[PDB]
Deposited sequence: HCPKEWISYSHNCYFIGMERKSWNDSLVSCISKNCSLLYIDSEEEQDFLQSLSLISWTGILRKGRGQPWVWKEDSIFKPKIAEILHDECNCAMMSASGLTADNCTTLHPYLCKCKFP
């Protein structure tokens, strides 16, 4: 049971942030609402998220130039990510690297009990 103004897909709640924030602030804003910055589990979910046709900060991030992209909890889905562009964003063309400091919208996955 998600709030009326939000999106409900596969027992998870989704909402867009009111503002365009940096990667960190976008991660911080989701946590503050008992949700998490968008994470991808399946292609069916990714394709549904591409249907919304929005720019969204994704949870997937890298520590540096040679450091690998980090995501956990044994979910094999790791899509193709297209400098200081060390953070991954979701678009209509799939996952794309971008500068964490640049302001982009963000989507939170809540998953109510």
| item | value |
| --- | --- |
| Sequence order list of spans that the model leaves without C-alpha positions, deposited numbering | 83-86 |
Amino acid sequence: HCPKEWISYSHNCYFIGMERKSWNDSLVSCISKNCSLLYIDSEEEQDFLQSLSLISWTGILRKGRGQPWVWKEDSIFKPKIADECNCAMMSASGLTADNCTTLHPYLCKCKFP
From here on, numbers count along this sequence of modelled residues.
query	finding
Between the two ranges 69-77 and 46-54, the one averaging a larger CA B factor in the entry	69-77
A88 - which third its CA temperature factor falls in, relative to the rest of the chain	middle
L38, C-alpha B-factor rank within chain (lowest, middle or highest third)	middle
